[PDB]
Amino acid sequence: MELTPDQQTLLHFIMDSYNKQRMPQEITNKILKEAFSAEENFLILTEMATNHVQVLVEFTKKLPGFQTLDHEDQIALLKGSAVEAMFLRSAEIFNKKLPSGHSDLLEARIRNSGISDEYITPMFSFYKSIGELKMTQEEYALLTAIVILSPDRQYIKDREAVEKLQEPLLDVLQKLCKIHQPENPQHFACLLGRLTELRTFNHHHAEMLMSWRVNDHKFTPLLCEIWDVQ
């Protein structure tokens, strides 16, 4: 039911930390302004992803109790969640309301960005499923935090310590789903359902990057560490 004073504090703190990200307009204005080559689009992708990972590390460090975790587990959580968080943020940006015709042009411009056909349908299928859930900013923020604090990540030594940090975020999100969408009592389950779909992008992320219609696939040293490319 209603959020407690502790949960409201948690929610507002996660919101402020989440709001430090690059604005959706910065990305969409660039894409909608003019059509770029596959080469220019690969560079836009690479800089967007480098800024995303940097901001993600800062958001992750502020997560209550994250700094108390074992340093090797901290690296394993960051590495295991970076691609999923990126796709969750791109899904949020894709679904931000824009003037008439803009979302159709944005979709067509992403389709002709240089990415291989094979990866277009599962990516847009996920974006449209996120869109139908009519998620609030708070839901995206909490869901990102939950993705990062996933105990079921590979190489996690102490799963229980991670579970203790994720549980209060799941409790807040569940209350928010019951408050935002009382007509749909399947909303919380629906949201956790989307998280299971996010994980599939992890498997073929390297191939969707390498299949980009460019001659050279240049990645930054930070991207190489987090994406296991080069």
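Each form is matched to the other, and the largest set of C-alpha atoms that superpose within 1.5 Å is called the rigid core. Residue indices: 1-based, along the sequence shown.
- Taken in 9 other deposited structures of this protein and fitted on the core, 141-149 and 93-101 differ in how far their Cα atoms move from the shown form, and the one that moves more is 93-101.
- Rigid core superposition in 9 other deposited structures of this protein puts the Cα atoms of one stretch, out of 161-169 and 33-41, farther from the shown form on average, and that stretch is 33-41.
- Taking the mean C-alpha B-factor of each stretch as recorded, 124-132 and 140-148 are not equal, and the higher mean is that of 124-132.
- As listed in the deposited structure, the average C-alpha B-factor of 50-58 and of 181-189 is greater for 181-189.
- Of all the options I27, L176, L198, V162, the entry's greatest CA B-factor is assigned to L176.
- Residues shown: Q74, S90, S81, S100. Highest C-alpha temperature factor in the entry: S100.
- When the modelled residues of the chain are ordered by their C-alpha B factor, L63 lands in the lowest third.
- Among the modelled residues of its chain, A85 has a C-alpha B-factor that falls in the lowest third, as given in the PDB entry.
- Looking at the C-alpha B-factors along this chain, the one for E167 belongs to the lowest third.
- Ranked against the other modelled residues of its chain, the C-alpha B-factor of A38 as given in the entry falls in the middle third.
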